Amino acid sequence: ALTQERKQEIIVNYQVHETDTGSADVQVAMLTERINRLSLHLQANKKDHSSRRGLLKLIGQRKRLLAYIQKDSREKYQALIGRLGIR
Amino acid sequence: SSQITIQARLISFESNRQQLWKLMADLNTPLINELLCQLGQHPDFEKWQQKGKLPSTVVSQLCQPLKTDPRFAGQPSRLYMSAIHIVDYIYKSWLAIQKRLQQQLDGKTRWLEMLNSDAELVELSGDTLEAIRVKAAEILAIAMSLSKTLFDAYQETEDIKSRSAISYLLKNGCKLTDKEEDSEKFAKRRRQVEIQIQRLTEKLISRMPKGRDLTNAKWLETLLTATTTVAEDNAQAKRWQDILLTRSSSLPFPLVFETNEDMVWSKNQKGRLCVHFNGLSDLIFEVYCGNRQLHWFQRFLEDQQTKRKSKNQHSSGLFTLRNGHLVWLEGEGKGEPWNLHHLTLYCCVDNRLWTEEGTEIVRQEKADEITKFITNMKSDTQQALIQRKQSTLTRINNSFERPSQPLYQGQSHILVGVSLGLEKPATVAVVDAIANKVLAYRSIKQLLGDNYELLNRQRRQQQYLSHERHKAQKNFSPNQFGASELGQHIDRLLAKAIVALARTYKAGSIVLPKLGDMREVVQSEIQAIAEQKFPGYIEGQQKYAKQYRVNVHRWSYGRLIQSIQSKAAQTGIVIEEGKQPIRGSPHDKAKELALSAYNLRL
Amino acid sequence: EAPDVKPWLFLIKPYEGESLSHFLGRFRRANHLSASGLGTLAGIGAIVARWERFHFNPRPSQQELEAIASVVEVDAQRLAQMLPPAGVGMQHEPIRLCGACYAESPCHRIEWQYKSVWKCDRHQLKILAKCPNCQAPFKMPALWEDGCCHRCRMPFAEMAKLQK
RNA sequence: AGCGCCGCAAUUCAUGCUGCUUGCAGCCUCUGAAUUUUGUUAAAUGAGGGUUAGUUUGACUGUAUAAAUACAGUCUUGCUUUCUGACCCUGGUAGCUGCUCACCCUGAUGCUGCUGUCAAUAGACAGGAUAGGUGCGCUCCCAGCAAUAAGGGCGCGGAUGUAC
Ligand SMILES: [Mg+2]
Ligand SMILES: [Zn+2]
Ligand SMILES: [Zn+2]
C-alpha cells in the first residue's frame, strides 16, 4: 500500500499545474511507483498469485496510459518515460 | 498386460541424496531440455511427423557432442543414456499422436465429401433413388471388412452412379434401407462431421514438448522486462503475461534404467535390502517397502545371486525385474530439495516371471522372437549383436527354479461380457455361448458388494470438491483438490470383482467394448444440437448440456478397461474386444457383447 | 392478397460512411424490428445484437453479410464498406462523434471508431468521445434514434461548436 | 417450490427360491433387477478443517479339497491410495502485498447463518460439528449484507486526441 505523503509527493512532482491531480502523466507516475514495489514483492514471493494478479492489471493500465500519451505528444512521452526510468 | 509397477522408498544419508539431486537437476534435466529443443529444430522434423516415426538413433547422435559440453559433461554414462531414453520416448509418443490425428482428419474429410443427401445423390448419380438402390444392391453383392471394401471401392470408381450407390450404401452402415431420409437428421449428421473435422484440425495445432526448466530464469527476466519496459504493442504484453502466469517445474525428470542389472541389489549387515545404480555405486540406497511388495525386492536379489552363482550361465532376459525408474516425489513443507522430496524407485516386473510355469511362457516368447531376429538380421558390431542374441537364446534355457503354480484353465465356450456405461460403469453377463444361456448377471451394486457406498461417495465428492475449488479459485487459494484417487479405487475394485467372477465360472475370456473416443462423439453431437437451438449465440451453445458433457469427460472407461486388462493378465484370462450394442439395458448389452465376441471368433 | 404486389419491406439508403451498427439500427426502426428479430429474420440469430455493439470476434463473415444482404437489399460488398477494411484496427467501447458531420448527415461513421482517427479532416475538429455538455458517453450507434445526448438532450449538431 | 441423494413401501420379475421332467411350471422368505410411490415416533444417507512409518488386506513350503479356499510351519519392511473409528481444532505474533469502495438502483455459482453466558451501542468469554430450510444436501430456497458478477443511474475536481 502507498502512503498519502508519497502519493502527494508523486502528484506534486508530476503535476502539469498545482490543481492537476489526474493527467495521464500523474497517473503513470502513480502506477510506476506501485509496479516497482510490487515487482520487488513478486521477486521474493513467486507463489503470491493473488498479488501477481494485481501486477498484470497495473502493467496493462500503464501500457494503455503511455500509448495514450505517446500519440498526444512524443516530446512529452519521451521526457516522461525518461524521468520514470522506463525503457 | 502382464507388466506392472512395484515401488519403494529409497533412503540414504544426505550427501548421497544431495549428489543425486544435483546430477539430476543441474545436469540431466538441462540435457533433456536441450535435446528436446534441438530435436524440435531438426531439418527432418517435418518428415518425422509424416512418417509418425522417429529414427532409432537421432537422439543418441544429438547427445554425443553434448556429453562433453560444459553444461552437461559431469554425468555417468547411464545418466546420458537415461536422458536419451526420456527424449526418445517423448517424441515416439508425440509423433504417434500427431500421425493418428492426421489420419483421422484425412479419413473424415473424405467422408464429408462422400456424405451426400438423397436430394444430392439424385443429381450426382443422375438416377432415381430406386435405381441407385438397385445399384447399391449389386455393389454390396460384390463387396461381400465390408466397410473398408466399400471405402476401397469408392475411391477409384469414378463412375458417379456406382460412386453414389456406394455413398448411399455407406450412409446406411454398409446396407440397404427402404425408409426415407429425414432431411433435418441428415443435415445434423453432416454438421457433426464438420465439427469433428474442425476439432481435429484444432487438435493438430498441438505444441511441441515443452521440457522442464527448474531455474525458471525466463520468468524472472520477463518480470524485470515487463516492469521496466514499454510494451511495443498489445501482443508483446500478452506474451509477457503468458510467461508470467506459467508455473515453475519443481522436479527433474526421473532416471530410467532399461538394463535390469544396472540395479545391483545387496543386503546390508542390518539385514535391509539395498540397491546401487551403475555409475553411482558409491551411493548405497536402502529399500523401505511394504511387505506386500517385499517379495518382489527379495526376488531381485535372488535372481541376481542365481546368475552370479552360475557364472552368468543364466540370462537376465528372464530376470523378474524388467527396468527401473528413479523418481523424486514432491514432499510437503520446506527444506533443501534433496531433503524435502522423497526418493522413490519404481520397478517394472513381468508377473509371469514369478512362477516357473509363467517363466516357461516367457522363455518361449523370448526364444521365438530372438530366433526370428537372428534369421532376419542376417558389420563387426552387427555380428556382435547376433552373438549376444545367440547367447541369450542359449541361456534362457537355464531354469531359475521358481515357485510352481499351475496356469489358469478357462472354458473357451464361457465368456464374461462387461457392459460399460455412463450411468452404470460396469455390468457383467456370464454367458454359456454354445448353450446361448446366461449363467449369471451381476449389477454394479453386486460387483462392488460392501464397497457399493463408495459409488455414491464419488458422485457426492465430485460435486463437493468441484464447488470448493470454484470458491477457492476466486480467493487465489491453493487448496484445490479432487476425487481422482477414489475413482481409481472404484475401478480397481470393479476389475477384481469382474475377474473373480470370471474365475468362479471358469470363463475363458472377458469381453470388453470398443468404445472408441466417446468424448469427441458426445462433444460433436451436443454442439450440432446446440447450434440449432442457440443460433449465433456461442455462450448459449456452450451452456447447453454442459453437465452431460462434463460427465462424459469424467467417465473413466479407459482406466476401468486398463484395470480389467491388468487383473485378467495376472490370472491368465484372455481379454477379447467386441461391439457393445446401443439397444437394451446394461444386462442385455453385456450378454450380446459377450455372444458377439464369441461369434466373431474366426 | 393485393394483386400484382411484390413481397416488400421498408428500405433505407446507407450514407456514404455509415457504420453497420448505425445502419442496422435505422433499418430496425424503419421496420420496428428488435435486434433479435432481425437476426431471426436473416436466420443468423443473436449475432445482430453482437454486431450492433461492434463486438467483432469473429468479424462479420461472408456468409452472414450475404445473409443480411437478403433481408436488407443492400449488397454484401456495400455492407462490407460499413465496417473497417482489412487490417484497420478499430475500438468498440469509446463510441465517438464529429457533430459537425452529424449536422450534414445524421449517421455515425465507422471511421470514428478507428484507432488511427482523432480529427475530422473535413471540419478540422477533434472528434468527441463523450457528450461535451454533460460528459455522458454516447450510446451504441444503433440507438441513435433521437440524434441527441440521452442525458441532457443536447442535439449532436449543437455539439459541433463544443469541439477542438 | 425445483434438483440430486437416501431409505421406506408397493408392483412386476429373474441373476433369487421350490420341484422332477434339467427345461420348463409355480412363488416372492432370502439375494438381486426394472427407477413407481413416499418422508413418518420410520431406516438410511449426511460435506467445517486437521491428526499414525497406525491395524487388516502378504511371500514361500507341506497337508486337504470340486474350485473357492482352509489348516499347519517358516519369513515379513516402513511404498502409493480408499474407507471406518478415535482424537484435536476453531488459532496466534511480526512482515510483505493484491483486489474493493463518491453516492444510488438491481442482485451474482457473491458473502454470512451453531450453542449458551453475558451484552442497549459492541462484541467478548466458555462450549463446539448438533451449524439457516427438508430424511439428507445444493450453485436452489429463506433472512441480512452486497464495493469487491454483470449492468443501469448520477455528482463535483483533474484530464478530455481513443487513456482514464
Ligand atoms: Mg479503452
Ligand atoms: Zn466532421
Ligand atoms: Zn449530454
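Chain letters run A, B, ... following the sequence lines, proteins first and then strands; every chain starts at 1. No hydrogens, no waters, no symmetry mates; every other heavy atom, side chains included, goes into these values.
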Please list, by residue number, the residues of residues 37-53 of chain A whose heavy atoms come closer than 4.0 Å to an atom of RNA chain D; answer none if no residue qualifies.
-> A:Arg37, A:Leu38, A:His41, A:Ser50, A:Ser51, A:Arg53
Contacts to RNA chain D from residues 474-493 of chain B, heavy-atom cutoff under 4.0 Å, which residues?
-> B:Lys474, B:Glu485, B:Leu486, B:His489
Suppose you measure atom [atom1] in [N] against the same atom in [M]; what distance do you get, rounded to whole Å?
N       : M       : atom1 : value
D:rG95  : D:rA129 : P     : 36 Å
D:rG7   : D:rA44  : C1'   : 4 Å
D:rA149 : D:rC125 : P     : 32 Å
D:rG49  : D:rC111 : P     : 15 Å
D:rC87  : D:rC142 : P     : 40 Å
D:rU148 : D:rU115 : P     : 29 Å
D:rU100 : D:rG128 : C1'   : 34 Å
D:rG113 : D:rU80  : P     : 37 Å

To the nearest Å, give me how far apart [atom1] ([X]) and [atom2] ([N]) are.
X        : N      : atom1 : atom2 : value
B:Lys445 : D:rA33 : NZ    : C1'   : 9 Å
B:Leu494 : D:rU82 : CG    : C1'   : 13 Å
B:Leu245 : D:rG98 : CG    : P     : 17 Å
B:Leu448 : D:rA33 : CG    : P     : 11 Å
A:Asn36  : D:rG98 : CG    : P     : 12 Å
A:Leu56  : D:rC99 : CG    : P     : 11 Å
B:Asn291 : D:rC60 : CG    : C1'   : 12 Å

Counting heavy atoms from C-beta on, name the nucleotide in [options] closest to the side chain of [X].
X        : options                 : answer
B:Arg292 : D:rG158, D:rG58, D:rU15 : D:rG58
C:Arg151 : D:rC154, D:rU82, D:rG46 : D:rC154
B:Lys424 : D:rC60, D:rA34, D:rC79  : D:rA34
B:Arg272 : D:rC99, D:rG78, D:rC79  : D:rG78

Quick one: look up who D:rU74 pairs with, Watson-Crick or G-U, both distances under 3.5 Å, and put none if it's unpaired.
-> D:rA59
Watson-Crick/G-U partner (both atom distances under 3.5 Å) of D:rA43 = none
Label [N] north or south, basing it on the sign of the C1'-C2'-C3'-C4' dihedral.
N       : answer
D:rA129 : south
D:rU109 : south
D:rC28  : south

Validate the cation-pi geometry between A:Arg74 and A:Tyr77: distance from NZ or CZ to the six-membered ring centre under 6.0 Å, angle to the ring axis within 45°.
-> no
Regarding B:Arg272 and the six-membered ring of B:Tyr288, is the cationic atom NZ or CZ under 6.0 Å from the ring centre and inside 45° of its axis?
-> yes
Dump the intermediate steps for side-chain contact (heavy atoms from CB on, under 4.5 Å) on B:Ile6 and B:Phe297, then the final yes or no.
-> CA-CA 9 Å; B:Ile6 57 90; B:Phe297 294 103; 3.3 Å; yes
Is [M] the Watson-Crick or G-U wobble partner of [N], both distances being under 3.5 Å?
N       : M       : result
D:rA126 : D:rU38  : no
D:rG133 : D:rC140 : yes
D:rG123 : D:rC118 : yes
D:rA124 : D:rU117 : yes
D:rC111 : D:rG144 : yes
D:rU12  : D:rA33  : yes
D:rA34  : D:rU11  : yes
D:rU112 : D:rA143 : yes
D:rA53  : D:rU84  : no
D:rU77  : D:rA149 : no

Could you give the distance from OH (B:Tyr441) to OG1 (B:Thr427), rounded to the nearest 0.5 Å?
-> 10.5 Å
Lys/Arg N to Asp/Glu carboxylate O, B:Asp233 vs A:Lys63, below 4.0 Å = no
Between B:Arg17 (side chain) and B:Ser12 (backbone), is there a donor-acceptor pair under 3.5 Å?
-> yes
Under the 3.5 angstrom rule, does the side chain of B:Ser556 hit a backbone N or O of B:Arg559 as a donor-acceptor pair?
-> no
Polar atom pairs between nucleotides 159-164 of chain D and protein, under 3.5 Å, N or O only, would you list them?
{"unit_1": "D:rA159", "atom_1": "OP1", "unit_2": "A:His17", "atom_2": "NE2", "d": "2.5"}
{"unit_1": "D:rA159", "atom_1": "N6", "unit_2": "C:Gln135", "atom_2": "OE1", "d": "3.0"}
{"unit_1": "D:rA159", "atom_1": "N1", "unit_2": "C:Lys130", "atom_2": "NZ", "d": "2.9"}
{"unit_1": "D:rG161", "atom_1": "OP1", "unit_2": "C:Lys126", "atom_2": "NZ", "d": "3.0"}
{"unit_1": "D:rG161", "atom_1": "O2'", "unit_2": "A:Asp72", "atom_2": "OD1", "d": "2.6"}
{"unit_1": "D:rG161", "atom_1": "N9", "unit_2": "A:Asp72", "atom_2": "OD1", "d": "3.4"}
{"unit_1": "D:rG161", "atom_1": "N1", "unit_2": "A:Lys71", "atom_2": "O", "d": "2.8"}
{"unit_1": "D:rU162", "atom_1": "OP2", "unit_2": "A:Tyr68", "atom_2": "OH", "d": "2.8"}
{"unit_1": "D:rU162", "atom_1": "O4'", "unit_2": "C:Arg96", "atom_2": "NH1", "d": "3.4"}
{"unit_1": "D:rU162", "atom_1": "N1", "unit_2": "C:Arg96", "atom_2": "NH1", "d": "3.4"}
{"unit_1": "D:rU162", "atom_1": "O4", "unit_2": "C:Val117", "atom_2": "O", "d": "3.3"}
{"unit_1": "D:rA163", "atom_1": "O2'", "unit_2": "A:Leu65", "atom_2": "N", "d": "3.3"}
{"unit_1": "D:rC164", "atom_1": "OP1", "unit_2": "A:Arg64", "atom_2": "NE", "d": "3.1"}
{"unit_1": "D:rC164", "atom_1": "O2'", "unit_2": "A:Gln27", "atom_2": "OE1", "d": "2.7"}
{"unit_1": "D:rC164", "atom_1": "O2", "unit_2": "A:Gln27", "atom_2": "NE2", "d": "3.2"}

Listed pairs, N/O of protein and of nucleotides 132-139 of chain D, under 3.5 Å:
{"unit_1": "D:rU139", "atom_1": "OP1", "unit_2": "B:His467", "atom_2": "NE2", "d": "3.2"}

So which pairs with a foot in residues 289-300 of chain B pass side chain to side chain donor-acceptor pair (under 3.5 Å), sequence neighbours left out?
-> B:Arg299-B:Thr320
Taking only N/O atoms, report every protein-nucleotides 141-145 of chain D pair under 3.5 Å with atom names and distance.
none

When the nearest nucleotide of RNA chain D is assigned to B:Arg442 and to B:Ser404 on a heavy-atom basis, which residue is associated with the more 5' position?
-> B:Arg442
B:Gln488 and B:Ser484: side-chain donor and acceptor closer than 3.5 Å?
-> no
Heavy-atom donor-acceptor pair, B:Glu453 side-chain to D:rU45 base, under 3.5 Å = no
Classify the side chain of B:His587 and the base of D:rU15 as holding, or not holding, a donor-acceptor pair under 3.5 Å.
-> yes
Torsion-based syn/anti label for D:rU160, 90° from 0 as limit = syn
